[PDB]
């Protein structure tokens, strides 16, 4: 019902798509939710669509300074997050021969290093506040599938899974758990506006289950991972893709 009442959750990349849906679900669970995105206008719209439980604070997760200020404002408002959802990422469609060093560095910088910058500051905030926290990072089932046209992205998401596995070991002693979710193809705004939108016919045929994946399919799983019901799960990756791959 309101299992998250009295908890504070930060969701990055929450202006639209999966992050917005995650933010909305955690608010419905009762959490105070910080809606954060590099898109300030989008973050405000998202927090407004969710209601009084949500506040928009813009941040670029690849900018250490931006992240510092984000967490400072959160500390001032709430006394510190209990839940971190690392959702922000660029989701590119780049043919392998167009994957040059500039592109590679860009994706690694945001998707992987940004995830570290945010996790560093966030779990540090959890520990300072004596809170038994939950870190939930959004990876991708492309890591299992080896999906084409996103080579740097697949590398980055593999980095996120590796990071999650190491982090669980490092933070268990502080009563913090770290888990990852690997969504399959999801009909988010970002995917709808991308060449990946064209993959739905193929992917749906490969799924065990019918229909296009929706942001809510992922949000509802993250809800579980943020709850006390998942307290014995740490260092794990949960795959949510209607059966496209098996993990």
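Numbering follows the first chain given and starts at 1.
- In this entry, 45-53 shows the higher mean Cα temperature factor of the pair 23-31 and 45-53.
- Here 55-63 and 177-185 are compared by their mean Cα B-factor, and 55-63 comes out higher.
- The maximum CA B-factor among the listed residues 169, 141, 75, 87, taken from the PDB record, is found at 75.
- The residue among 105, 131, 165, 157 whose C-alpha atom has the highest B-factor in the PDB entry is 131.
- When the CA B factors of the chain's modelled residues are split into thirds, the value for residue 125 lands in the highest one.
- Annotation for residue 14: CA B-factor lies in the lowest third of the chain's modelled residues.
- The deposited CA B-factor of residue 244 belongs to the middle third of values across its chain.
- Ranked by C-alpha B-factor against the other modelled residues of its chain, residue 212 falls in the middle third.
- Per-chain ranking of the deposited C-alpha B factor places residue 91 in the highest third.
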